[PDB]
């Protein structure tokens, strides 16, 4: 694959990858830099095709929707059909060997990531640009927000729309890192799960550890 994920760190099910994309829509969008420059990286909001009905169990084959600032050089750098990766970063925590209570050991960092790759297609119609930002509000306000109603701002969205660079990303490949102590003996994995259960900052990691088979 285009992402290195050791055997024990594969998600139980394809659905875990879709879940992380929905949970952490603020992706890092990467494309090659010009003439041996470092990749361009932009934090961009990205959602699953809102027109999708049926349960979404796999990212491969679906289109993702996103936007960025047109004034961002990254926008002009993407040219035409640019091959890109968007990386989505889920729950994560430092793992002290103190938690293991074993010797010898080394520390690690438990973390979740999804990398999707395919060709970014820019949206140049204002109708499709407006669809992108309205679809994003509907998906993010419901999951992360405080019941705000976009209705009073629909004209405003249109009155500020030129700055938006909207895009579509057909997922050619999807890889998921779920690094959640699978490499450890079960009694040690229990100790990490129970440690992470004891603080809010680490509880989401404990929640994924608890759903592993």
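Positions refer to the first chain, counted from 1.
Higher mean CA B-factor, judged across 74 to 82 and 115 to 123 from the recorded values: 74 to 82. Averaged over CA atoms, B-factors in the entry run higher in 51 to 59 than in the other of 51 to 59 and 36 to 44. Ranking 92, 108, 142, 129 by Cα temperature factor from the entry places 142 first.
When the CA B factors of the chain's modelled residues are split into thirds, the value for residue 98 lands in the middle one. Sort the chain's modelled residues by C-alpha temperature factor and residue 203 lands in the middle third, per the entry. In the PDB entry, residue 69 places in the lowest third of its chain by CA B-factor.
The deposited CA B-factor of residue 146 belongs to the highest third of values across its chain.
When the modelled residues of the chain are ordered by their C-alpha B factor, residue 194 lands in the middle third.
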